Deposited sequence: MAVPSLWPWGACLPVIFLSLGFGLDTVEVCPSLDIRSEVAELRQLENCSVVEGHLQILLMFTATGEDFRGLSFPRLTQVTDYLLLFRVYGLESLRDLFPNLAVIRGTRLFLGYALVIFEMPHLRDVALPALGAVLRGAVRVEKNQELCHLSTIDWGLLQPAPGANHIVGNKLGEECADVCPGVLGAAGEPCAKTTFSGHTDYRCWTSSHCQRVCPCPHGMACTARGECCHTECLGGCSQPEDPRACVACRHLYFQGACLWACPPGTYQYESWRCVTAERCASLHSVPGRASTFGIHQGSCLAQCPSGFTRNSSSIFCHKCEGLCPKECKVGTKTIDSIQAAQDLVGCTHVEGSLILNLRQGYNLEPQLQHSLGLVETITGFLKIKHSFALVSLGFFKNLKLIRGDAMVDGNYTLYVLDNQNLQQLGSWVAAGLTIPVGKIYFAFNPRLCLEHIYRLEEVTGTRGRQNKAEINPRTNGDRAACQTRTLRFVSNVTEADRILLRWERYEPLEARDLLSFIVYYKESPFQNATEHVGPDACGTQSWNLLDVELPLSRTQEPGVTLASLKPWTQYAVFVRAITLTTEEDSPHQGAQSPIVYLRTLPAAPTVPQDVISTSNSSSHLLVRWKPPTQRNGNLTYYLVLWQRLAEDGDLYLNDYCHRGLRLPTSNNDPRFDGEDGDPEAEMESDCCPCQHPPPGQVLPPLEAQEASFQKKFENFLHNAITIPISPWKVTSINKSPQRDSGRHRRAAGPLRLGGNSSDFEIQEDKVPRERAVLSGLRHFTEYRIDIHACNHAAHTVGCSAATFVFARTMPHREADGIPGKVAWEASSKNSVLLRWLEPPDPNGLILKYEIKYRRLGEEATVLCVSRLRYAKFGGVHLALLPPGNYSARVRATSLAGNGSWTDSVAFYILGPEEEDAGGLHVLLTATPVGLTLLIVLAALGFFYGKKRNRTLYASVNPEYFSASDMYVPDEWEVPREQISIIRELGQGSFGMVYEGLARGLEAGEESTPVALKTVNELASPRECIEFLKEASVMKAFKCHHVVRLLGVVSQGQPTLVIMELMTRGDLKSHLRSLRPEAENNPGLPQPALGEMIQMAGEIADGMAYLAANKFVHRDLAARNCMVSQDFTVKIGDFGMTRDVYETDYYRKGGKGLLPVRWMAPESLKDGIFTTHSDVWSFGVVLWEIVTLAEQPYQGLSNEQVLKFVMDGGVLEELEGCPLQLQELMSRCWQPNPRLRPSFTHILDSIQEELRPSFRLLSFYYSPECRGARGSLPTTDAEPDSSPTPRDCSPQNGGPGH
């Protein structure tokens, strides 16, 4: 019946009176921020005419409101075409709201319901959203008043005065459904979505929220699909098209309601044509002040051609956003409002406005400013939308702090704008933008050494050398090629006292194989000319020795060696050269008698006039090698319990250099072999007529290092044993041992060989009798 577009009500109860004649609100209905209100203002206030809301219903902080049973006694259907953050019925921070009280509500077509942070709200558990929403699983109803603190008194289970109504299960809690203490939910037996009148009979399917005559689309209270001349229809056949997805309207009527950019494609009279389409009766772009904060917020204007509004670009966290921004922006030909850029750290150029041509400046920044560029920490190019393209009928251009942008670009933009004298300082002020940035000097010779660099640039002609003074060289170690002038190392170069022999400079005390960024600048008498930054790499050299070399022997034939890379690589390390050589035991051990004067056993390895004048003017043994590409190395095929000298070198690309780094040396020893010290075979015994016996045994084949002494243990059967040591010389003198002056009887003898690693293994006992 009525139009009643979307409305928001704030700050006064009188403003609520604009809903007197409304019947179907064609948009969102918001009621919020009503502090100066009591419980009596809403007591005598009612809007029975309202029966439908298209977008959503929002209530937020409406003081003095106790129940909605009077505000919306006939609200039946919420279409939910446009949802507020995915919700169709929002109630937030509402004091004194005792109950929701929507007795006439029929169904929520789309969207969830959010009711939370209500101080004194109860009677919510007796409400089931299954018969209202087609998917009540998205609702969020928490944080209200405690369920135990409010009694769900209604005409049902409790002894109330009203007649009880039926019950319906919601989530397994089959209880009574009661909207309020008096009004309760309406339930009728019929398929879902079939609206029923007060008589319990459900009417024709297109009826929604109520009816008055069974099976009569003309008598419906709210058309489910389409509304047309008081009738409910599936579509709009004859000559009309859908409007706001809830009614049928003629082309002329919808055109009048939309009064040039409206489209009537796909049988819908939309206010704006979609992407890739033009006006058709069978791309202009609108926004008030769009703040582009990131790439994800810049996809609203894809294909936008005539943007009637203002843009505020503020990008601080992005990087390389030129093509992403140029994908959306770039087809814009007219910005009616103002272009404003603040604190755009991410942006580096304004080249995404390729076909920007006109800014009429209907809306402008406060202070008669059309173009407002401020605080762009790194902006250089300023795009290519210049050279007789732009024109500004009204407004002033304000350019500020693009310090990486020279004033030449702003001056060119001002010249091609057609006006120059409109503005003055503090808006295109010097010493304000472009502080961090013209004759350019050219280097003619660059000699790189191991720790020195020699530079020579072009010499000025006598005409241009009149106003020339000593040069200044800035050089600094930059590993990457992303260095620029504002940590720079300073040098002063006095110009040569001749018309030839170009100045040049020598830089010393430089680490080998390093990249240095260097550039020169002339003093040029008055307050001028400088050379582009050049990156030069010094010659490599031999690296340093490896650090902290350690070794271990996990087995009897392996040696794991680990160390650390050198301090300065002096290039790129390609590999390590590892040399090992077997070391033989000293000859002292082969001559000393070790029965006495014993020794420790080695263990296995286990783990200024010029400046002042300028200022005044201005006013057994074998070497084996390996090639280890990684830090750790493993040596295999080594002898058991033998000393090894390990040499390690560090090698960069030193084919032409003096060679690899100086060797670092360590000493390691392999673990002893367990069974290498056993005496081979069995010991033999013989007797002699002169009350004596002889014992013989073969030496171990591969002893650990060497055999120092042989211990022979012998005893008479049944008592203690008396061991005896035999040196190498004593054993080799007779091939064994002698035992003389023994009383008659039987004896058991055992032998054991001791090596440099430790004790051996006792051999089999030999039994010999002497009589």
property	result
Deposited-sequence ranges lacking C-alpha coordinates, in sequence order	1-26, 286-290, 314-325, 481-483, 533-541, 583-589, 670-707, 720-758, 911-1297
